[PDB]
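The structure under discussion appears below in the form of structure tokens.
2 protein chains.
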Amino acid sequence: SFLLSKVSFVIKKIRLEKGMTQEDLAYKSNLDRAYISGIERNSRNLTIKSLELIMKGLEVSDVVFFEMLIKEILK
Amino acid sequence: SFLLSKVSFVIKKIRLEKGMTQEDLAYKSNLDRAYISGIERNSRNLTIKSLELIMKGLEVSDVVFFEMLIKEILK
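Protein chains in written order, with the entry's author numbering: chain A, 3 to 77; chain B, 3 to 77.
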């Protein structure tokens, strides 16, 4: 999946910009660390709900996530 | 969920814009009509891969789907 790879890139990029570890994001979002880790490797076929939870744990607005996704796809 | 109802709304809006029924879309995408139906009710369980595949069947680029999603969130 091209789209799944761009999605995973942005999640990890925003996470690192916010200064959170995968373990911090796990506890925030109530997702397991291993699911987080797989998402960032492009190895979990993430649902929309899971994406919502991650954006919430990352404290990024949904518009900001989608804007950076569009930018990354356009590169 | 606000995000989930906006995602479902946009998939349905575009499918209607392209003049497809739920079944037209399913036949095009090798999915079932009941899956398309459930997605438009409740986008909880939609994955990134399924989303890519739906956009492909709708012949809407990824960048355009995310624009219409942002418009809807902001409206």
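For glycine and all other residues, C-beta sits at the position ideal for the given N, C-alpha and C.
By a beta-carbon distance limit of 8 Å, A/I50 contacts B/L48. Their separation comes to about 5 Å.
The C-beta of A/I72 comes closer than 9 Å to at least one C-beta of chain B.
Judged by their CB atoms, B/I13 and B/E25 are not nearer to each other than the 9 Å cut-off.
Look at B/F11: its C-beta is not under 9 Å from any C-beta on chain A. Following the DSSP letters along the chain, one finds B/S31 inside the alpha helix (DSSP H) bounded by residues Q24 to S31. For A/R35, the enclosing alpha helix (DSSP H) covers residues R35 to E42. For a cut-off of 8 Å, the C-beta gap from B/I56 to B/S31 is around 6 Å, short enough to register as a contact. The beta-carbon separation of B/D64 and A/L5, rounded to 6 Å, stays under the 8 Å limit for a contact. With respect to A/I41, A/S10 sits close: the two C-beta atoms are nearer than 9 Å. For A/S3, the C-beta contacts it makes with chain B under 7 Å involve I50, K51 and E54, in order along the chain.
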